[PDB]
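Protein chains: 2
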Amino acid sequence: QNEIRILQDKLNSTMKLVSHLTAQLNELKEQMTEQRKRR
Amino acid sequence: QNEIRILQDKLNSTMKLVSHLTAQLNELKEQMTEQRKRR
C-alpha cells in the first residue's frame, strides 16, 4: 500500500511536470509578446 | 533500476526548479510593469 501511494505521488509529480511544461510554453508566449511590443 | 528512476525524478525536479526560477523572473518583470503603471 505504501508503494502504491508512492506511485500515486510520482504520478502527481509527473502531472506537475506537465503543468510546468505548459507554464514554460506560456512563458515563451509572453516573451514573444514582449518582443512584439518592443518592435 | 529504481535508483536510476529516482535520479531521473531528481533531474525532473531540477528542471522544475529551473522553471520556477524563470517564473520568479517573470514575476519580477510583472512587478516592474506594475510599478511603471503606478508612475
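Residue numbers (my numbering), protein chains in the order written: chain L, -17 to 21; chain Z, -17 to 21.
Just so it is clear, CB atoms sit at the ideal spot from N, CA and C, and this is done for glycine as well.
Asked, Found
"Can you pull the chain L residues whose beta carbon is under 9 Å from the beta carbon of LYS(-2) (chain Z), in chain order?", "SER(-5), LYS(-2), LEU(-1) and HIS2"
"Do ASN(-16) (chain Z) and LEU(-1) (chain L) have their C-beta atoms closer together than 8 Å?", "no"
"Can the beta-carbon of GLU16 (chain L) be found less than 8 Å from the beta-carbon of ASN8 (chain Z)?", "no"
"Distance cutoff 8 Å, beta carbons only. Does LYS(-8) (chain L) sit that close to anything in chain Z?", "yes"
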